[PDB]
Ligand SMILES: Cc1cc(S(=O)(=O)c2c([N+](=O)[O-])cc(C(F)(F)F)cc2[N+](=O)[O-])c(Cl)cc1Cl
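As structure tokens, one chain now follows by itself in the form solved without this ligand.
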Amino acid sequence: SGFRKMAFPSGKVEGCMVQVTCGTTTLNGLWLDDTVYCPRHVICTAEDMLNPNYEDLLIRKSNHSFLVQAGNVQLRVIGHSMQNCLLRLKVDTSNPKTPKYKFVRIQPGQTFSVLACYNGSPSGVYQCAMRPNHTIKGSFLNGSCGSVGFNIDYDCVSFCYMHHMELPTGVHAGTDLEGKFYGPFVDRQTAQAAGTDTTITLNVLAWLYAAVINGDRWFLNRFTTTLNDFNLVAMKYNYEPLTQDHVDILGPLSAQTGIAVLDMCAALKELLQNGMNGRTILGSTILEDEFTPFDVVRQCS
């Protein structure tokens, strides 16, 4: 039974977390083979609080200035580099734990587990979802910068997301492991904003099926509705519109729970237009747009 916030184990990744330092800035690093990735702004001081020139800030730095404390032992930074917003480092020893891996650039709505760390040492791990306007509602703090996101399939860790900034709006922004920021944004403590945010319609619907496979069936109703028709109520409620593509993905939980998707859309369409007033859903008392189809299948298979 049961259902809740569930992240992947962090074993393989914990073995790839290191410490990296530069003057008075020191942030978490991901150490795969012999390379050590980490946010490029690590070389910035209050220089970030303006318009730091990375090219220049960089070229004006050398290896010896990088304190890479891989846990308890300190390696020798044989070199550096720069791949977009990421700072690629090449060191003497290759990591003897480096697990089979890939670098993936997830899409909004997708979910992943994030291993929060401070000075190379992880502390906790939770789940997150690439929100519409490309942000992430995580729990990062002074030094968390460098923490990663990922998913698993035993055998293979697919790295998506590295933490860089926290917008003055309190939300979080980062990149894939190629130094590319998700959504616009820049590693500048300047100017920046977080456009209006939508709700991950599919995730909500997937969660509902979840809430169904585990009792709770009050929200389900007889009235049904259409895809071109539902989308209309979705605009009123900063919801993401529903493609036929999402309908095809819910297909599976649908056939197994015994509830046609467009039907599930009629319940939500209602939930939104009407409300709840007491009757909750799977603990929550709000729609959980933070569980993807596949995420719901994991806990129910």
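Numbering starts at 1 and follows the sequence shown. Only the largest set of C-alpha atoms that superpose within 1.5 Å between the two forms is called the rigid core.
Form deposited with this ligand bound: not shown, discussed below.
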{"query": "Contact of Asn214 with this ligand in the deposited bound form (heavy atom, 4.5 Å)", "finding": "no"}
{"query": "Distance check, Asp187 to this ligand in the deposited bound form, heavy atom within 4.5 Å", "finding": "yes"}
{"query": "Exercise: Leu27 in contact with this ligand in the deposited bound form, heavy atom 4.5 Å", "finding": "yes"}
{"query": "Residue contact check: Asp176 to this ligand in the deposited bound form, 4.5 Å heavy atom", "finding": "no"}
{"query": "In the deposited bound form, the one of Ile78, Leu167, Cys156, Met82 near this ligand [non-hydrogen atom within 4.5 angstroms]", "finding": "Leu167"}
{"query": "In the deposited bound form, the one of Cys160, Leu205, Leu115, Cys145 near this ligand [non-hydrogen atom within 4.5 angstroms]", "finding": "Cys145"}
{"query": "Segment that reaches this ligand in the deposited bound form - one of 67 to 75, 129 to 137, 227 to 235, 188 to 196, heavy atoms within 4.5 Å", "finding": "188 to 196"}
{"query": "Any residue of 31 to 45 that, in the deposited bound form, places a heavy atom within 4.5 Å of this ligand", "finding": "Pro39, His41"}
{"query": "Large Cα move at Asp48 between this form and the one not shown, threshold 2 Å, rigid core", "finding": "yes"}
